[PDB]
Structures are given as structure tokens and as C-alpha cells.
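Read through the structure below, which is laid out as C-alpha cells, and then see the notes.
Each answer follows from the model by the rule given with it, or from the source it names; none is laboratory data. No Cβ is skipped: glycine too gets one built from the backbone with ideal geometry, and neighbour counts run over all protein chains shown.
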Amino acid sequence: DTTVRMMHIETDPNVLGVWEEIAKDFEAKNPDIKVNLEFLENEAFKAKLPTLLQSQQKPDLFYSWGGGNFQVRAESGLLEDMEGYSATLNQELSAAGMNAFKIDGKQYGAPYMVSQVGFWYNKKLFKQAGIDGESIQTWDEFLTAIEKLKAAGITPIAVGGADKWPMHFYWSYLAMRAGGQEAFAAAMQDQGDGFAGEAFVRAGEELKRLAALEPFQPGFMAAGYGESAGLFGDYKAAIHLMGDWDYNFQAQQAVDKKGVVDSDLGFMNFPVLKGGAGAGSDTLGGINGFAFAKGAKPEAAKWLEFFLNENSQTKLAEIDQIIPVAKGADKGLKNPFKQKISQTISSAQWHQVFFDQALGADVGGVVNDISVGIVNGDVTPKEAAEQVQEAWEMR
Ligand SMILES: O[C@@H]1[C@@H](O)[C@H](O[C@@H]2[C@@H](O)[C@H](O[C@@H]3[C@@H](O)[C@H](O)OC[C@H]3O)OC[C@H]2O)OC[C@H]1O
């Protein structure tokens, strides 16, 4: 007998019940392979992973956003090439998802889900304030909605400021809308002014403009994602900029365990910006998966083949958690919120990975720091953009 160890960040009880049913089924079909799921909370996982990967405590598999840390971990010899065990994975999963985890002919991981960040909103609170959420197409319209919400005495936005990344979604999206894919491409290459360019300065300027409306909950800087999601679920804030995993999370974090119910819930894409080079269809999100740590056993790929299979992924789409990567599992996307989000992801010409993840722990950490820093007045838009660029050039 051998044990496959998979480290993950999932907290949802319905997701874990599905994962455990899949593991139980796999263990019956593979009597010599056991599966151990190892939970570590998102923030703790990101901070502790570097130590874990250099140690004897490392698992076979661990959750991954791809992006910058994945590239450096692969180059540093911290991952295991499973190309010789990837045939079924390649047959059952999206080609793009598989390619996100492949480098230099080496398959270092496999995809689990794709996601979109957008504005979840409360239709009940919007109606109270006089706002038609389906009519918010522009950033100026969004800001007008913020003012209306404030006028009605409703906290406009819930944000998990303590964790930083929930605020970075604003800076990132504004940069995307101002500059388009081309400004971002130049910035990654450090061409011209790079990340210190006009679109990134504009992003901070517009973030500062939002912040000046005081749209967040009191104490937002001490709030993590869980608190922010709870506030939205408890009808105490009208808007939550977040990935699509929030649907189930806001319900779990609500005191009533239901949150904003479907009749009261809306979702909108990030709006467009006047004079911007970006399109409203461009999406921020990503392709998340599981990476193989150096030393991973072949049985880990056998587990992954089954865990990421069509039937498995169909269940996870049916419980409204993920937009799947397994071929055919999109049949599980019956919920209209998730069905629409899946079409946006598919139609997106630019599908950008979360900036913090695209840039790696250091430079992404700077983006996270400057997002809350702009809001708090620590740095100006210009200083913020310059910091990102300088850290990126050194990387
Ligand atoms: O760097 C962030 C990255 O941390 C973020 O990761 C999300 C993750 O938050 C989400 O998990 C939720 C848990 O945090 C929570 O404790 O329980 C509910 C979970 O849904 O899973 C999706 C990941 O992508 O993504 C955005 C990056 O900028």
C-alpha cells in the first residue's frame, strides 16, 4: 500500500464531501493506493509552502495558481515531471489547462478549475438605493452607484483588506481596462516605462478616486476574505469583487448559512473605463490546479487522473463550486450565474491570471501592498507603479 498526499486550501463542506466520495471510490477501485487530503488555509498555505517544499514533509501534490511561483519552482528543481504518467490527463482535461502546467516538455501539474473575478452584488440593496445593476457598464456608472448606496446608508463594498489580494483585484482590473492586453504585455517585458506606465498610474488614480468615496466597511483593513464574504452574505454590504468561488463561500460565511439568495443576487463584469484600451470582455481570473512536488510517486498521477475526471468535475460544477476543466463536465454548469460566467471565460480574448500570482510572491506581494497602500494614502499612484516596475525589473 502507498499513500498519495494532496495539500489543498478548500473549506467548503459540500466540496469536501464530494472530494471524499471521490477518494473513497478511488480507494475501492485501487486497493493499493490511499489518498490523504491535507488542508491548510489559503494565507497560511501560501506563506508556509516554500519551507514545506524544501523539506522532508512535502506532499505529492499541492494546490497551485500556476503563474510566476510555478515557473520558478519548476526551474529550481522543486517539482516532479510526470510526463510519463500523463496520457489520461491529456485525454480528459482541456489542452489549455494541461499546457498551463507544462514547461520545457515536462508536465509538473494538472488543472483543476478556471475562474472569473467579477462583482457579486445584492439586488435587494441596489433596489433600495435606486440602482439597476444591469445598467452599470462604465466605471463612472459604478461610482455613481457607490454614491447612491452611501446615500441610502448602505455600505457599498465589502473588501478583505487585511489579506491585500482582495483589494488588488481593483488595481488589476483598472490597469487592464486602461491599458489593455498590450500595456500588460509591455510591462511584463519591461519595455518602455513598464509597470510604471500610464495605464498603471491610471489604475491607482482610479483606485484612489474610489477610495475617496469611502466605499468600504469600517475596519476593512483588519478584515480578511472570510469576514468580507460574511458581511456580503449577511446583507451588510452591497458589492463584493471576487472570484466565482464566492457564491458558495458567502453562504457558508453568513450567519444563516444561506447568504444572498439567488432572488437577491447579481453578478456583473468589471466595467469599462473611458478612453481605455481594454475591453469589458477581458477577464481577470485564472487556471488553478495541482502541482507535483519533487519526489511525487507515480500513484499521485493515478489519483489525479480520477480526481479530475469528467464525473468528478461534473459533481463539482453541479454544486456550483467550479468552472471545470475536464472535457464534458460543463454539462454540470446548470446554475445560471455559473453558466454565464463560463461563457464569459470562454469568449474572453484576454484571460489574465491574477496579478499577484502572475508576478510571483515578491512582485505580486508588492502589487498587493500598493493596492491597500494607495487606498490608505501610504503611496501615490505614481510611487505604487514605480515600486512594481522596480521589483519586476529586479526579478
Ligand atoms: O493570491 C490570491 C489567492 O489567494 C486566491 O486564492 C483563491 C482562494 O481564496 C479560494 O479559496 C477560498 C479560501 O480562501 C477560503 O478560505 O475558503 C473558501 C475558498 O473558496 O480558492 C480559489 C483561489 O483562487 O486567488 C486570488 C489570488 O489573487
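Structure summary
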read-out	value
In region 81-123, residue nearest to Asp282 (Cα to Cα) [restricted to those that are within 16 Å of the ligand (Cβ to nearest atom) and β-branched (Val, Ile, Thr)]	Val117
Meets criteria (surrounded by 15 or more Cβ atoms within 10 Å (Cβ to Cβ), of a type outside the set (A, V, I, L, M, F, W, C) and in contact (Cβ under 8 Å) with a residue 12 or more places away in the chain) for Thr2	no
Residue in region 9-16 that is out of contact with any helix residue (DSSP H, G or I) (no Cβ under 9 Å at 6 or more places or on another chain), within 16 Å of the ligand (Cβ to nearest atom) and free of Cβ contacts under 8 Å to residues at least 24 places away in the same chain present	yes
Unmet requirement for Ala222, which otherwise passes all of (1) among the small types (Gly, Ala, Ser); (2) free of Cβ contacts under 8 Å to residues at least 40 places away in the same chain; (3) loosely packed, with under 15 Cβ neighbours inside 10 Å; (4) more than 24 Å from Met394 (Cα to Cα)	(2)
Single unsatisfied condition, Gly180 versus (1) within 16 Å of the ligand (Cβ to nearest atom); (2) more than 13 Å from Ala384 (Cβ to Cβ)	(1)
Extreme residue, nearest to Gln321 (Cα to Cα), among residues of region 332-363 that are among the β-branched types (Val, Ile, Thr) and within 16 Å of the ligand (Cβ to nearest atom)	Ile341
Identity of the residue in region 33-57, touching a residue at least 60 places away in the same chain (Cβ under 8 Å) and away from the ligand (no atom under 16 Å from the Cβ), that ends up farthest from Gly67 (Cα to Cα)	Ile33
Matching residues, region 134-193, being basic (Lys, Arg) and either out of contact with any strand residue (DSSP E or B) (no Cβ under 8 Å at 6 or more places or on another chain) or surrounded by fewer than 22 Cβ atoms within 10 Å (Cβ to Cβ) (or both)	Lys148, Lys150, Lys164
Those residues of region 216-275 which are of a type in the set (A, V, I, L, M, F, W, C), assigned to a loop (DSSP other than H, G, I, E, B), away from the ligand (no atom under 16 Å from the Cβ) and closer than 20 Å to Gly161 by Cα, in sequence order	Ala237, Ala238
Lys297 surrounded by fewer than 20 Cβ atoms within 10 Å (Cβ to Cβ), more than 16 Å from the ligand (Cβ to nearest atom) and outside the structural domain of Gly226 (by TED's automatic domain parsing)	yes
Qualifying residue in region 83-103 (condition: assigned to a strand (DSSP E or B) and among the basic types (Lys, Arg))	yes
